[PDB]
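Structure first, commentary second.
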Amino acid sequence: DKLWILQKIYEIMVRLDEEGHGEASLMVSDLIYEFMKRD
Amino acid sequence: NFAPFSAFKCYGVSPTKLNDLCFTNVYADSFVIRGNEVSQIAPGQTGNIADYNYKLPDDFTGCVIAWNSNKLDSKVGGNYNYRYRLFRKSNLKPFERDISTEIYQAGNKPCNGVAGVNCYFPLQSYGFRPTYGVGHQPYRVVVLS
């Protein structure tokens, strides 16, 4: 379902920030926005 | 030259004609976002910022001014002060502001007020660092309506 992949994408965003990859975390944030803008 | 290295665009008449004009009130809205998000501070735009943070009306006639603030707002280790909303149950209406911090419930299980699986804190930090590309550096933005 959509909830598992949302959670996995969210987790990558968090992991990237904790590991210091802030810029790549912002890019994953944009994907979360786009994904949820879908139906 | 109201600020430095500015970039500005007026959607109504030229800044000179503003000098002839008079108005009951002027509003100055200001905030920080990423460089690649400045294009969303315009009438008719959609995106994470337009939709969930700051929204101009389709008929906006004002000015938008933005400048790179990397030297002031980026920090080695990350500036975690600046946040944006990533989740919201509906788009914002023009000039709406939402400062709530309720946990966003993405699935059907309750979140009981705590972040967890499919239960997300609704704000995210930009974590600005001096080494980010210009698209990801901070821009200060002023909107005059």
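Go through region A:1-35 and give me each residue that's in contact (Cβ under 8 Å) with a residue 24 or more places away in the chain and at the interface with chain B (Cβ under 7 Å from one of its Cβ atoms).
If the condition is that a residue be in contact (Cβ under 8 Å) with a residue 24 or more places away in the chain and at the interface with chain B (Cβ under 7 Å from one of its Cβ atoms), then A:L6, A:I32 are the ones that fit.
Would region B:96-111 turn up any residue that is crowded, with 18+ Cβ neighbours inside 10 Å, under 15 Å from A:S29 (Cβ atoms) and more than 9 Å from chain A (Cβ to nearest Cβ)?
Taking every residue of region B:96-111 in turn, at least one turns out to be crowded, with 18+ Cβ neighbours inside 10 Å, under 15 Å from A:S29 (Cβ atoms) and more than 9 Å from chain A (Cβ to nearest Cβ).
Of the conditions (1) in contact (Cβ under 8 Å) with a residue 40 or more places away in the chain; (2) more than 10 Å from the chain's Cα centre (by Cα), B:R83 fails just one. Which one is it?
In the conditions (1) in contact (Cβ under 8 Å) with a residue 40 or more places away in the chain; (2) more than 10 Å from the chain's Cα centre (by Cα), B:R83 misses (2) alone.
Take B:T16 and tell me if it is part of a loop (DSSP other than H, G, I, E, B), polar (S, T, N, Q) and surrounded by fewer than 15 Cβ atoms within 10 Å (Cβ to Cβ).
Spelling it out, it is not the case that B:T16 is part of a loop (DSSP other than H, G, I, E, B), polar (S, T, N, Q) and surrounded by fewer than 15 Cβ atoms within 10 Å (Cβ to Cβ).
Cβ sites come from the backbone with ideal geometry, for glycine too, and all protein chains shown count toward neighbours. Laboratory data are not the source of any read-out in this text; all were calculated from the coordinates shown.
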